[PDB]
C-alpha cells in the first residue's frame, strides 16, 4: 500500500501516489501519457520497489483525480513547471530519475531540457520529441492497415464522425495492434483510458484518439533542444509501438550516450506486454547509474 495524498502545486490540487522502500536506492518520478490519461496504466512499474526503487506516480493537471487549471494552462510548459514544483515540495533538493511514457516522454524531455540538473537519469518509453513526426509515422501505420479500417479512418475521420461504428472498429484494431497487443487488457490501463474520455485534457490537448492529433500540441517539436540533455538516458520503444522506433530513434540520435531498446512482440504499453523484461531493464539502468 503506497501513500496517497493531494498536493497543492501552482494553486491547484494534484493527486500523487508514492510507493517507496524497502532500502530505497533511488527515487523515480513518472509521467503518464495522453495528454489527459492518468498514472493508473503505469502502475505495473510498482514492481521496481522490490528492486530498491522508490516510485512516484501522479495525475498531471486536469487528469485522473487532479483538478484542472485555467484552460490557458493546458500546455506542456505548464506541465513542466507543475512537475518541478511537485518534485521540489515532496523531495526537496534531492535529485531524481524521471520516466515519461508517450506524451509523458515528451513532457519528460521538455522537463530535462530546462531542469536536467535536478535529475540523475531520464527514461523515455514510446516517447517523442516531435508531434508532427509522430503524426507522420502513425499515418504510415494507418496505411499499413487493411483497406476497410484504413478507409473508415479517412472517410469518417475527415467528417469528424469519430462516433461512427466502423471508425471505432478501426480504432480498436489499431490499438490492439499498436497500443496494447493483448486481448485481456488490465483494469489499470482501462482506467486511464476511461479517465482520458471523462476529463477534458485529452480532448483539448491531444484530440479524439491516439492517431488523431488535432489538439493544441499538434505543432510541438523540441527535437532541436533535446540535444542539450547531458544525463544518462534510456529510450525504450515497442517493436509495433504506435510511436514508432523511428520516432524513438530521433530522440536517440540527439541524446549522447543514450541507449535505445526495441522490445520485440511489444507495442506501446510495453510495461504490460513484457512486464518483467520492462521492469528488469529499467531496474538495471537505474541501479547502474546511482
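Numbering follows the first chain given and starts at 1.
In this entry, 227 to 235 shows the higher mean Cα temperature factor of the pair 29 to 37 and 227 to 235. Of the two stretches examined, 214 to 222 and 144 to 152, the record assigns the greater average C-alpha temperature factor to 144 to 152.
When the C-alpha B-factors of 207, 132, 105, 186 are read from the PDB record, the largest value belongs to 186. Comparing the listed residues 53, 251, 42, 56, the entry records the largest Cα B-factor for 53.
Sort the modelled residues of the chain by CA B factor and residue 80 lands in the middle third.
Split the chain's modelled residues into thirds by C-alpha temperature factor. Residue 48 is in the highest one. When the CA B factors of the chain's modelled residues are split into thirds, the value for residue 91 lands in the highest one.
Sort the chain's modelled residues by C-alpha temperature factor and residue 268 lands in the lowest third, per the entry.
In the deposited entry, the Cα temperature factor of residue 72 places it in the middle third of its chain's modelled residues.
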